[PDB]
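K.L.:
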Amino acid sequence: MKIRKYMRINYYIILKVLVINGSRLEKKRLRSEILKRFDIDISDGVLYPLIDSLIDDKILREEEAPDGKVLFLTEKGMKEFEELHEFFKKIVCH
Amino acid sequence: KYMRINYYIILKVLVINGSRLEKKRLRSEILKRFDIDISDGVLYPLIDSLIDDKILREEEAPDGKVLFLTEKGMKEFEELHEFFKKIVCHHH
Numbered sequence: 002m003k004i005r006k007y008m009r010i011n012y013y014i015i016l017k018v019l020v021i022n023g024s025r026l027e028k029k030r031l032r033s034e035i036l037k038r039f040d041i042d043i044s045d046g047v048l049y050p051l052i053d054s055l056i057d058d059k060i061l062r063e064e065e066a067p068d069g070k071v072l073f074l075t076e077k078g079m080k081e082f083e084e085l086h087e088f089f090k091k092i093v094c095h
Numbered sequence: 222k223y224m225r226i227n228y229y230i231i232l233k234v235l236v237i238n239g240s241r242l243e244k245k246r247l248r249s250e251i252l253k254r255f256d257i258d259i260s261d262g263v264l265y266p267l268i269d270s271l272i273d274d275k276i277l278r279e280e281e282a283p284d285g286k287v288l289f290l291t292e293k294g295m296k297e298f299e300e301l302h303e304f305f306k307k308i309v310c311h312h313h
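Line order of the protein sequences matches chains F and G.
Counting from 2, one number per residue, gives the positions in the first sequence under the numbering used here.
Counting from 222, one number per residue, gives the positions in the second sequence under the numbering used here.
1) At a Cβ threshold of 8 Å, is G:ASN227 touching chain F?
2) Check whether the stretch 70–90 of chain F and the stretch 277–290 of chain G are in contact - that is, three or more C-beta pairs closer than 8 Å.
3) Of all Cβ atoms in chain F, is any one closer than 8 Å to the Cβ of G:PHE305?
4) Kindly list the residues whose CB is nearer than 8 Å to the CB of F:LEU26, restricted to its own chain and excluding five residues on each side of it in sequence; keep chain order.
5) With a threshold of 16 other CB atoms inside 10 Å of the CB of G:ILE237, please say whether the residue is buried or exposed.
6) To the nearest angstrom, how far is the alpha carbon of F:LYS37 from that of G:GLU303?
7) Would you mind stating whether F:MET2 and G:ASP256 have Cβ atoms separated by less than 8 Å?
8) What did DSSP end up calling F:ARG32 once you bin it into helix, strand or coil?
9) Looking at the secondary structure, which residues open and close the alpha helix (DSSP H) in which G:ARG225 lies?
10) Where are the alpha helix (DSSP H) runs, 4 residues long or more, that stay fully inside the stretch 28–83 of chain F, in chain order?
11) Determine whether the beta carbon atoms of F:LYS90 and G:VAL263 lie at a separation below 8 Å.
12) Suppose you measure from the CA of F:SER24 to the CA of F:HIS95; what does that come to, to the nearest Å?
13) When DSSP labels each residue in this structure, what does G:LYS222 get in the three-state scheme?
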């Protein structure tokens, strides 16, 4: 296996927070969710570009809703999460 | 600069090998231990950068240059390991 572009902790964390919330989360809550679940504070200027890349690569989907935009994890994204989860488990965990 | 995960894998492979490893065996060891293929194009300059950071040191020897994780190096791995472990392993 070669190292691939999403093998970064912040991508894993974003995908994990989606899976945690049943593959659906309002965009305005992502930063808070990450902070409360992982104790990590990602700035806006770093976070939302990561989100954009995921959305434009069809890992995430975004639907415009009246009370904020909603993020969805796609089938492609769930498969990527599973790949990333196995990768990080293999190199980090016992 | 390179993706940080490479830095972690390098330090981990050194720690697993008792903080010492022949430079030539690093690529093979990473593949053996983790089934991860990392290029010499990434590995070698990254090693030089970690040497400038005093994270590794490089002894000359036959049958080749030997890499050593410093005390600084070991502390930096532990910190990063603890950081990743809480995120990834048995989290929530």
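Think of the CB as a built atom: it goes at the ideal place given N, C-alpha and C, for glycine as much as any other residue.
P.N.:
Taking the structure as given:
1) Along the second sequence, one-based indexing puts residue 227 of chain G at 6. Yes - at least one Cβ of chain F is within 8 Å of the one on G:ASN227.
2) no
3) Position 84 of the second sequence, counted from the start, is the residue given in the question as residue 305 of chain G. Chain F, which has a Cβ nearer than 8 Å to the Cβ of G:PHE305, makes this yes.
4) The sequence position of residue 26 of chain F within the first sequence is 25, counting from 1. Cβ within range, chain order: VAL18, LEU19, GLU34, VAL71, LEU72.
5) As a working note, residue 237 of chain G is residue 16 in the second sequence. When all chains shown are included, G:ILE237 counts as exposed.
6) Here residue 37 of chain F refers to the residue found at position 36 of the first sequence. Here residue 303 of chain G refers to the residue found at position 82 of the second sequence. C-alpha separation (whole angstroms): 18 Å.
7) Within the first sequence, residue 2 of chain F is the residue found at index 1, counting from 1. Within the second sequence, residue 256 of chain G is the residue found at index 35, counting from 1. Closer than 8 Å, so yes.
8) For the purposes of this step, residue 32 of chain F is taken as residue 31 along the first sequence, with counting starting at 1. F:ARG32 falls in the helix class under three-state DSSP.
9) In the second sequence, residue 225 of chain G corresponds to position 4, counting from 1. Segment 225–237, the alpha helix (DSSP H) holding G:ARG225.
10) 31–39, 45–57
11) On the first sequence, residue 90 of chain F is found 89 positions in, with the first residue counted as 1. On the second sequence, residue 263 of chain G is found 42 positions in, with the first residue counted as 1. For F:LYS90 and G:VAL263, no; Cβs fall outside 8 Å.
12) On the first sequence, residue 24 of chain F is found 23 positions in, with the first residue counted as 1. On the first sequence, residue 95 of chain F is found 94 positions in, with the first residue counted as 1. Approximately 28 Å between the Cα atoms of the pair.
13) Along the second sequence, read from residue 1 onward, the residue named residue 222 of chain G stands at position 1. Reduced to three states, the DSSP call for G:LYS222 is coil.
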